[PDB]
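Engineer: Enclosed is the structure file work-v1.pdb (PDB, C-alpha atoms (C1' of nucleotides)).
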```pdb
ATOM      1  CA  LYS A   1       0.000   0.000   0.000
ATOM      2  CA  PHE A   2       2.659   2.510   0.984
ATOM      3  CA  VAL A   3       4.950   1.710  -1.937
ATOM      4  CA  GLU A   4       2.104   2.374  -4.341
ATOM      5  CA  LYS A   5       1.443   5.670  -2.593
ATOM      6  CA  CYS A   6       5.137   6.598  -2.636
ATOM      7  CA  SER A   7       6.166   5.682  -6.168
ATOM      8  CA  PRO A   8       5.894   8.527  -8.704
ATOM      9  CA  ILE A   9       3.532   6.348 -10.768
ATOM     10  CA  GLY A  10       2.406   3.085  -9.197
ATOM     11  CA  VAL A  11      -0.631   0.798  -9.137
ATOM     12  CA  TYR A  12      -1.420  -1.703  -6.360
ATOM     13  CA  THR A  13      -3.625  -4.543  -7.559
ATOM     14  CA  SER A  14      -4.517  -8.161  -6.870
ATOM     15  CA  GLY A  15      -3.482 -11.145  -8.918
ATOM     16  CA  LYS A  16      -7.150 -11.562  -9.823
ATOM     17  CA  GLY A  17      -7.214  -8.281 -11.784
ATOM     18  CA  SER A  18      -9.143  -5.479 -10.119
ATOM     19  CA  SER A  19     -12.661  -4.136  -9.713
ATOM     20  CA  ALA A  20     -13.547  -3.103 -13.263
ATOM     21  CA  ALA A  21      -9.877  -3.242 -14.229
ATOM     22  CA  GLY A  22      -7.846  -6.130 -15.586
ATOM     23  CA  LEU A  23      -4.189  -6.871 -14.889
ATOM     24  CA  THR A  24      -2.571  -7.268 -18.283
ATOM     25  CA  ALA A  25      -3.685  -5.093 -21.147
ATOM     26  CA  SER A  26      -6.133  -6.273 -23.780
ATOM     27  CA  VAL A  27      -7.097  -4.884 -27.176
ATOM     28  CA  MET A  28     -10.388  -5.654 -28.916
ATOM     29  CA  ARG A  29     -11.919  -4.635 -32.225
ATOM     30  CA  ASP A  30     -15.121  -2.587 -32.073
ATOM     31  CA  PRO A  31     -17.301  -3.888 -34.966
ATOM     32  CA  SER A  32     -19.288  -0.661 -35.355
ATOM     33  CA  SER A  33     -16.405   1.816 -35.626
ATOM     34  CA  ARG A  34     -13.680  -0.820 -36.373
ATOM     35  CA  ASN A  35     -11.282   0.812 -33.883
ATOM     36  CA  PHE A  36      -9.173  -1.508 -31.745
ATOM     37  CA  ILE A  37     -10.135  -0.251 -28.296
ATOM     38  CA  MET A  38      -7.315  -0.874 -25.803
ATOM     39  CA  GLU A  39      -8.338  -1.828 -22.297
ATOM     40  CA  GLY A  40      -5.380  -0.865 -20.136
ATOM     41  CA  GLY A  41      -4.396  -3.189 -17.333
ATOM     42  CA  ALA A  42      -2.258  -2.434 -14.325
ATOM     43  CA  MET A  43       0.926  -3.336 -16.190
ATOM     44  CA  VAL A  44       0.420  -0.727 -18.920
ATOM     45  CA  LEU A  45      -1.529   1.801 -16.852
ATOM     46  CA  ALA A  46       1.641   1.992 -14.698
ATOM     47  CA  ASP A  47       4.183   1.913 -17.499
ATOM     48  CA  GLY A  48       7.391   3.496 -16.300
ATOM     49  CA  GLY A  49       6.187   2.756 -12.777
TER
ATOM     50  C1'  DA B   1     -52.898  92.074 -89.640
ATOM     51  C1'  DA B   2     -54.772  87.333 -89.358
ATOM     52  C1'  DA B   3     -54.122  82.614 -90.099
ATOM     53  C1'  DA B   4     -51.579  78.625 -89.560
ATOM     54  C1'  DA B   5     -47.664  75.560 -89.147
ATOM     55  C1'  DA B   6     -44.247  74.123 -85.882
ATOM     56  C1'  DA B   7     -42.087  73.711 -81.506
ATOM     57  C1'  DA B   8     -41.693  72.448 -76.763
ATOM     58  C1'  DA B   9     -43.759  70.911 -72.871
ATOM     59  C1'  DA B  10     -46.997  68.278 -70.144
ATOM     60  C1'  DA B  11     -49.964  64.173 -69.229
ATOM     61  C1'  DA B  12     -52.322  59.170 -69.646
ATOM     62  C1'  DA B  13     -52.061  54.678 -70.413
ATOM     63  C1'  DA B  14     -50.373  50.004 -71.676
ATOM     64  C1'  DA B  15     -46.568  46.893 -71.802
ATOM     65  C1'  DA B  16     -42.762  45.241 -69.786
ATOM     66  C1'  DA B  17     -39.878  44.905 -65.938
ATOM     67  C1'  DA B  18     -38.701  44.705 -60.684
ATOM     68  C1'  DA B  19     -38.796  42.826 -56.447
ATOM     69  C1'  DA B  20     -39.803  39.932 -52.396
ATOM     70  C1'  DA B  21     -38.914  35.278 -50.097
ATOM     71  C1'  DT B  22     -37.861  29.685 -44.274
ATOM     72  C1'  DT B  23     -39.905  25.853 -42.576
ATOM     73  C1'  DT B  24     -41.066  21.350 -42.039
ATOM     74  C1'  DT B  25     -40.058  16.633 -42.809
ATOM     75  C1'  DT B  26     -37.153  12.368 -44.029
ATOM     76  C1'  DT B  27     -33.149   9.510 -44.071
ATOM     77  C1'  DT B  28     -28.760   8.157 -43.139
ATOM     78  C1'  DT B  29     -25.750   7.156 -39.499
ATOM     79  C1'  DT B  30     -24.214   5.818 -35.110
ATOM     80  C1'  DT B  31     -24.706   3.452 -31.033
ATOM     81  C1'  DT B  32     -26.526   0.260 -27.937
ATOM     82  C1'  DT B  33     -29.229  -3.844 -26.771
ATOM     83  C1'  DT B  34     -30.839  -8.729 -27.127
ATOM     84  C1'  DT B  35     -30.992 -13.482 -28.999
ATOM     85  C1'  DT B  36     -28.990 -17.339 -30.175
ATOM     86  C1'  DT B  37     -24.890 -19.873 -31.749
ATOM     87  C1'  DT B  38     -20.431 -21.010 -31.089
ATOM     88  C1'  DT B  39     -16.611 -21.462 -28.446
ATOM     89  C1'  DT B  40     -14.057 -22.247 -24.442
ATOM     90  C1'  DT B  41     -13.429 -23.800 -19.656
ATOM     91  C1'  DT B  42     -14.368 -26.514 -15.444
ATOM     92  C1'  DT B  43     -16.166 -30.815 -13.467
ATOM     93  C1'  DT B  44     -16.597 -35.972 -12.525
TER
END
```
Now that the file is in, can you turn its structure into structure tokens?
Structural biologist:
Amino acid sequence: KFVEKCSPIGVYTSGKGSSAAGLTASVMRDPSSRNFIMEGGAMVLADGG
DNA sequence: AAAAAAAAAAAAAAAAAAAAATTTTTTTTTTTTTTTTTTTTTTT
């Protein structure tokens, strides 16, 4: 808990993802607009962290 | 000297020209939602 607070950028999660947030990133096509939406997990949401 | 022809000016009428002018509805598109199939994942 403290180390997450004290890093410049840091994210403290569980192995089992998080509440409405994964752990690894995922990317998925959107059939309507065809854009590959990129759900950001802890690993990428704290890149450089 | 009187008559008359011509001139300019003024007016009426018919043909052409001038001018004025937003609102309502429909359809594509995007975006989600729902059903049902397919796929994948957990159990004995």
Engineer: Convert the output of the PyMOL selection byres ((chain B) within 12 of (chain A)) on the shown file into explicit residues, formatted as an NGL selection string.
Structural biologist: :B and (29-32)
Engineer: Could you check which of A:30, A:35, A:2, A:43 is closest to residue 17 (chain A), using all atoms listed in the file?
Structural biologist: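 For residue 17 (chain A), the nearest of the candidates is A:43.
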Engineer: So what do you get for CA of residue 27 (chain A) versus CA of residue 41 (chain A), distance-wise?
Structural biologist: 10.3 Å
Engineer: Mind pulling up the distance from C1' of residue 36 (chain B) to CA of residue 25 (chain A)?
Structural biologist: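 Separating CA of residue 25 (chain A) from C1' of residue 36 (chain B) is a distance of 29.5 Å.
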Engineer: Would you work out the distance separating CA of residue 22 (chain A) from CA of residue 46 (chain A), expressed in Å to one decimal?
Structural biologist: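 These atoms are spaced 12.5 Å apart.
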Engineer: Residues within 12 Å of residue 7 (chain A), please, as a PDB file with C-alpha atoms, in the coordinates of the input. Count only C-alpha atoms (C1' of nucleotides); anything in the same chain fewer than 4 positions from it doesn't count.
Structural biologist:
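In the end it all went to around-v6.pdb:
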```
ATOM      1  CA  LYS A   1       0.000   0.000   0.000  1.00  0.00           C
ATOM      2  CA  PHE A   2       2.659   2.510   0.984  1.00  0.00           C
ATOM      3  CA  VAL A   3       4.950   1.710  -1.937  1.00  0.00           C
ATOM      4  CA  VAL A  11      -0.631   0.798  -9.137  1.00  0.00           C
ATOM      5  CA  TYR A  12      -1.420  -1.703  -6.360  1.00  0.00           C
ATOM      6  CA  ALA A  46       1.641   1.992 -14.698  1.00  0.00           C
ATOM      7  CA  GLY A  48       7.391   3.496 -16.300  1.00  0.00           C
ATOM      8  CA  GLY A  49       6.187   2.756 -12.777  1.00  0.00           C
TER       9      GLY A  49
END
```
Engineer: To test your reading of the syntax: which residues would the PyMOL selection byres ((chain A and resi 28) around 8) return for the file shown? Reply as a list in words.
Structural biologist: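 Written out, the selection comes to residues 26, 27, 29, 30, 36, 37, 38 and 39 of chain A.
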